[PDB]
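# Inside the fold
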Amino acid sequence: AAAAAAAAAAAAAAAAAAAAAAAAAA
Amino acid sequence: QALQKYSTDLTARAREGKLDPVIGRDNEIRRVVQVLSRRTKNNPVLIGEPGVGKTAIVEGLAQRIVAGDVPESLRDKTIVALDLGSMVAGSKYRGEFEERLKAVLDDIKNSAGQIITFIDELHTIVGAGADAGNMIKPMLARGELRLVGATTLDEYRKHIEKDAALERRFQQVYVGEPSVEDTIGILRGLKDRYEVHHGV
Amino acid sequence: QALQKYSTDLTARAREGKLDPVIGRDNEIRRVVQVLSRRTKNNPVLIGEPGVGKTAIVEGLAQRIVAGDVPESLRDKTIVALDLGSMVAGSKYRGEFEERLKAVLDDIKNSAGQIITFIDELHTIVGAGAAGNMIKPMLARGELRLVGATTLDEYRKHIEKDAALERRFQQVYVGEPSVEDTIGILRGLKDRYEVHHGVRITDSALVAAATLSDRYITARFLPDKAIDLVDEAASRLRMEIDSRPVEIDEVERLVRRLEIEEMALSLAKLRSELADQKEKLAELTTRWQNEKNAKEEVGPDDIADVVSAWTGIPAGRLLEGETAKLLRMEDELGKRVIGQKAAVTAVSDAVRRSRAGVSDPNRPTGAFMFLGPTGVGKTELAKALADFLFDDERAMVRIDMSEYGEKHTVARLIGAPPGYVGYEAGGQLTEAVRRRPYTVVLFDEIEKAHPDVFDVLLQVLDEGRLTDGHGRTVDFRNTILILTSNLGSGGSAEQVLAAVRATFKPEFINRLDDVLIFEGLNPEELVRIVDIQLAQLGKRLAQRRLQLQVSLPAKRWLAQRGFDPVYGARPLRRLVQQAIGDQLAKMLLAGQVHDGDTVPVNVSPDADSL
Amino acid sequence: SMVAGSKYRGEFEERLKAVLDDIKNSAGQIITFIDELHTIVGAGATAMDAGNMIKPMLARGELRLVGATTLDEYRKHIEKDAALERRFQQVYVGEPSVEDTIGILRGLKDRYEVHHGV
Amino acid sequence: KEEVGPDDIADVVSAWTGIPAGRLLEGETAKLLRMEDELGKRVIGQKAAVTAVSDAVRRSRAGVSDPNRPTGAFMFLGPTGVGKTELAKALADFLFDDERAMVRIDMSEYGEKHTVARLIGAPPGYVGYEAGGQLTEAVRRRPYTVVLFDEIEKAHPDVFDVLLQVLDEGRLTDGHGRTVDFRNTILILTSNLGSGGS
Amino acid sequence: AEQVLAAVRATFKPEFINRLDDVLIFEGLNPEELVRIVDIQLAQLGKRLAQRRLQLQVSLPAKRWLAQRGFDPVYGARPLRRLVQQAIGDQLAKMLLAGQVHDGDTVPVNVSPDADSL
Amino acid sequence: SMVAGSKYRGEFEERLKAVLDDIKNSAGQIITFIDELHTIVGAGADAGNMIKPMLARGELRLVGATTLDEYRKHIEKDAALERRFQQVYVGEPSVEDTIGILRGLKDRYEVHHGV
Ligand SMILES: Nc1ncnc2c1ncn2[C@@H]1O[C@H](COP(=O)(O)OP(=O)(O)OP(O)(O)=S)[C@@H](O)[C@H]1O
Ligand SMILES: Nc1ncnc2c1ncn2[C@@H]1O[C@H](COP(=O)(O)OP(=O)(O)OP(O)(O)=S)[C@@H](O)[C@H]1O
Ligand SMILES: Nc1ncnc2c1ncn2[C@@H]1O[C@H](COP(=O)(O)OP(=O)(O)OP(O)(O)=S)[C@@H](O)[C@H]1O
Ligand SMILES: Nc1ncnc2c1ncn2[C@@H]1O[C@H](COP(=O)(O)OP(=O)(O)OP(O)(O)=S)[C@@H](O)[C@H]1O
């Protein structure tokens, strides 16, 4: 005679980043 | 009868003059009346950058219904503003939320289209799951429940346009900001309300 | 008994005439039927982009089973669609939902081959339990029939990720139609919308609404896109079928408004505009009556007005008012740009063209670079062009490419690729034209941009549309692209062209319109700038009742001692404030020059005093 | 102390709505004061539902909600969600100079004599 | 005073956003009357180039200024050791009652073509994205500060291209997509070119 | 022949030569092969004008009058496609908006040494 | 050990509130010591953020210890906390101090190895 009580959740996945690396052009 | 417990009633508040008067914008009111009275897929969405007045259009529609300037098959159809915050109050068990939502939808469909629902800020309608907010999908396209909404322009493309099965069943009604020349008329209209609250 | 309780019945509503005919699409009907009559693995799944019609195919199948045009072993089947909403309702106990599912599957088991289960949007079944797993021994024994239909991307996100079931599903691609078959579909749906309203539909509307929705409205797919314009033009006509029409309504509401304001103020002014508006409203009213003395169906114009009011793009039948605009347009545009008549006559020649329906259907309607020396008006022109297309000058979409000096700064107009930091945000060009595309786009100083942004503008032109880092293709097919420069800066007419060929690739100049070249100014054409500056100055300080009196010797003197043909009209706008603005700015806060005054200027041999 | 233990599905939302109905119930008395209000945004991590629940209540002016956030933790969170940004007015508190900081220091020279008897 | 009027509206838009836009109600016109001579207590001489700096302030407080342009954007140069930095710190003294509340950037460091990004931000997807620019996020807080630009000779002619829409329009952008308005600040440019030309 | 295949062979890093097959040469804008291009473009323009029931009659002297500013075998046939909408387009657009070219009418071409008026 | 079992909402928060409430439940004799505190900024999922009013009110004594390289990468970028700490700087010593320290630890290794 018990119940179910559907529990919640939390999600996470981060992001990246890029770098440009200029070239001195000579 | 179940809508008494999970809703407000803008028509009942409009029938005692408790709404700020809406001045201007005949085009958007006529466009909402045009879209809301077609046969199927009859549910607009107000969209604009924030602050330009989008709740004001729905309150002006309520004023114009209670006055009576509408066409014939829009007369005396109360606008029952729904909620989704108050409906997930006690929802711990595995089947209470979906039962409550099905009771709400059954109570709407049991009428003869006499009710215009109004979910303000409907970009929260995707979540509340854990499925949920997906059992309303067949009811929208058949044309039973009339639904009027209001989003910002940039929460729309993040929460709704990700879910392209839903957004086909709407009608985007863009609302742009006015210039100065109409704002002078708006300010001349709303001058009397602040003179009464502040006695100046 | 439980299928009567939870689920639905298409065949119940099919025998009551409670659907619509599905005229068209014989091939996919026959394909689904023939897959369904296989000995084994008869689980079809419809996969296609949304809005092309997938529920309608199953409804046409139900209509055909009611009629009886099916092949052999499909007599009297009564297709039952399940309801996963009512499966989860009040089941707050422990072992209850799987027993409800087991009762329904037991009620499926007893009948041999009658019931065809139809679960719509079957990607919900992967979750929805905590269950929803009691399908594998069912489909391992061929009992369940399981016709379904999902959308295109939602299939591969869940079901192909969870591929233990997909081997028990044969797939059918659902094809979108084209312009030709959509007209034959709309002929078979006219007979219902006549009944639901009090209107009739001319076949000209069923041609024009199918043609006109292909070009302009680019977000949806063809079968349901065309129903929208008809079904809402019917509602607009039904609004006008009621007792009193439009316009007159517009003017009545407007004059009531101005009446309100005016009486509340009791401004003059408005008093005039009242009267004028009352003249107009009178005239129209009389005209109305006259006409009456002398429409009840949709024509061509109603579809045009629906597609014009929505999405902002003006496309009508040149409704008698803009003919006053588009012929006077040269003199009206020459109230802010003085001179450059050869340029106004070529800028004007791309709006009258594309308005009158003769222009190309895959091209930006105006794309032309104009350049020369400085202080001429090549920036003032665009902010004068956007002063009557929009009737306000702050409604311009303007970017400045004097900041894009390097390679990686493309991404502030095309957005980042997905899965990075800025992906909520999106671009600054892509997500500002997809919202109501009609605006005018600028590019200030295209010279100093890095020479790799230009390989994005090659498919902005010459194709009409571009992709981004999000997954959409916004189109610029009806904007006006404008490019500015100062290149050459000393060539007569051809060293400028040599510099343009030296800096730009020839395959970019090839795609443009006529590259205009501005000429400069003249001594006689400077006085007309002077009095515009002075009247603008009076309009600025029109707020303190402080109008001016400039004598014509002083206005002549302003033309002379700031002149040079090397800086344009910029030094005159500084010389005005060096002559007037010093003495006025000192004396105005020094008292004695109070409100309600017409202060003059008078010629002195160096200054001009007050 | 409101997202304290709320692992069940509707456990946080009725709690917050009970607090808000108690604030709305009384006759305009209670002026709330949330410190560090940039934590309003990411309240219930379910799909944005929480945090913008009080959005139809601030527009009618029902809870007076004095807050205090820093300058640079503001255009990272609240300007990201500009539908909330127009509900709030702004008061800009800049630093003083020495000429008033001397006066501010001279008045606090009593509590430090108590905690340290010097 | 029993009704509102056009003055208290200006009082509100002064006290919020910090821009002095009133009418000079009889108190501080006494200040701006004496500005060519009050400023002389810290700068001696240079009289023909104080009567012009003392004019873009008076014409902007009278209401004659061009409403889409910075209130004054002028460049002064000459030989060294004259007082061309001391002046631009002395007219930031009675407007603000301090001398450190000004945007003092130094363009003596922008020799190459990619130090634009420290004053304009970074496009989205890259490493420092939520940082803004150094020029941008010091104006948007209080849009009234005077701005220096010290030794503009040494900048590569790419920084001038960024500076070109600052003048004569008043707005630039950054990564977040906001157009910060320079419509009522006093730009000041220093130089040392020639240094002894006849 | 020589310099083209010398530049072609050098930009094939490994194994792009003997694993494709033979290389061909363009045959550009020529006077005999110029007419049918104008035929396709005029059929396209007639497709653009057949909606409002107006059509064209184009003669061969005008079709070779356009061949002066349509040959230019360096840049290509794109200024031809522009000048079709330049010379015909503005005259037609000027006439079509002020009435007088009422529906059901046809339009003939009329050769001039610089224009071609109607 | 405090993010041991948590895939929920509000699981870490109660587990932190019980520890802070057991600290301020007592009187002032529970001087705390978080070593390597550069893992106090993250750990959100908003967390490490119930501690900010408690720091600048004088409740928990909190002797901390960060390396200088990890400090300016994880804390100085998040400048609301940097006025809630005093920066005791420890420089490295010279030779004779190290000779004294090595004479200090001569005792222990003789126990650990019989040499
Ligand atoms: N046409 C109008 N007539 C009268 N009052 C108006 C009008 N437009 C706006 N207002 C007033 O201006 C305010 C508009 O606020 P809201 O319309 O509620 O903001 P909003 O449109 O809801 O935008 P968001 O993103 O939801 S905050 C209210 O105080 C209205 O009374
Ligand atoms: N041949 C046809 N005859 C009549 N109506 C059609 C035909 N093809 C499509 N339609 C209509 O097009 C619409 C398609 O609606 P649905 O197929 O139910 O939506 P959908 O295409 O399945 O997209 P989703 O993912 O289910 S929301 C309905 O209005 C159909 O009546
Ligand atoms: N022919 C003209 N008629 C009217 N106003 C003009 C004219 N030429 C210039 N102006 C004025 O000059 C200003 C516009 O300067 P612009 O010519 O737009 O500078 P520009 O053309 O952008 O040159 P650059 O190199 O881009 S700064 C405005 O104040 C215009 O009113
Ligand atoms: N006329 C003057 N009145 C008062 N102080 C002056 C005057 N001329 C120079 N000084 C002082 O000279 C010092 C340096 O002047 P600065 O203006 O800082 O140098 P500069 O004029 O900027 O030249 P460069 O190009 O920057 S090296 C300061 O301490 C000033 O106070």
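Everything discussed here concerns the structure shown above.
Residues numbered from 1 in each chain as written, not as in the entry; some residues may be left out. Chains lettered and ligands numbered in written order. Part of a larger assembly, values for the part shown. Heavy atoms only, no water. Residues with missing side-chain atoms left out of burial classes, pairs and counts.

This part takes up the interface of chain E and chain C. With 29 residues of chain E at the interface, the matching set in chain C holds 28 residues. Only α3 (58-62), α4 (159-163) and β4 (171-172) of chain E provide two or more residues apiece to the side of chain E that touches chain C. Considering each element in turn, the side of chain E that touches chain C owes the most residues, three residues, to α3 of chain E. Class assignment of the residues belonging to the side of chain E that touches chain C gives a composition of 13 nonpolar, six polar and ten charged. (Contact = heavy atoms within 4.5 Å. Helix = DSSP H or I, 4+ residues; strand = E, 2+ residues; numbered from the N terminus. Nonpolar A, V, L, I, M, F, W, Y, C, P; charged D, E, K, R; others polar.)

Let us now look at the site of ligand 1. Taken together, 13 residues are adjacent to ligand 1, and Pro21, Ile23, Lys54 and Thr55 of chain B together with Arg87 of chain D come closest. Interatomic distance of 3.1 Å between a backbone N/O atom of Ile23 of chain B and a nitrogen atom of ligand 1. Between ligand 1 and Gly51 of chain B there is a distance of 3.5 Å, counted from an oxygen atom to a backbone nitrogen or oxygen. When ligand 1 sits alone it has 630 Å² of accessible area, and the protein chains cover 78% of it. (Near = heavy atom within 4 Å. Polar contact = N/O pair within 3.5 Å; in protein donor to acceptor, adjacent residues only side chain to side chain. Areas by Shrake-Rupley, 256 points an atom, 1.4 Å probe, with all protein chains shown as cover.)

Let us look at a nonpolar patch on the surface. All names here are of chain D. On the surface, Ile31, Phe33 and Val66 cluster together into a nonpolar patch covering about 320 Å² of accessible area. Take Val66: it is sitting in strand β2 (residues 66-68). Taking the relative accessible area as the measure of exposure, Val66 reaches 44% and is therefore partly exposed. (Patch = residues over 30% accessible without salt bridge, like charges linked within 9 Å, V, L, I, M, F, W, Y side chains within 5 Å. Salt bridge = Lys/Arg side-chain N within 4 Å of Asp/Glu carboxyl O. Buried < 20%, exposed > 50% of the residue type's maximum accessible area, 1.4 Å probe, protein only.)

The extent of an interface is frequently quoted as the accessible surface area lost upon association of the parts. Taken together, the contacts link 32 residues of chain B with 44 residues of chain C. In total, about 3,700 Å² of surface goes out of reach between chain B and chain C, with carbon and sulfur atoms giving 47% of it. Of all residues in chain B, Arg39, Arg94 and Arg157 of chain B bury the most surface against chain C, accounting for 22% of the area lost on that side. There are eight salt bridges connecting chain B and chain C. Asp224 of chain C is the salt-bridge partner of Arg168 of chain B, the closest N and O atoms lying 3.8 Å from each other. Counting residues per element, the ones that place at least two in the side of chain B that touches chain C are α2 (26-36), α4 (96-110), α6 (153-159) and β5 (171-174) of chain B. In terms of residue count, the dominant contributor to the side of chain B that touches chain C is α2 of chain B (five residues). Split by residue class, the side of chain B that touches chain C holds seven nonpolar, seven polar and 18 charged. (Buried area = accessible area lost by both parts, 1.4 Å probe.)

From the geometry alone we can't say anything about function, so treat these as descriptive.
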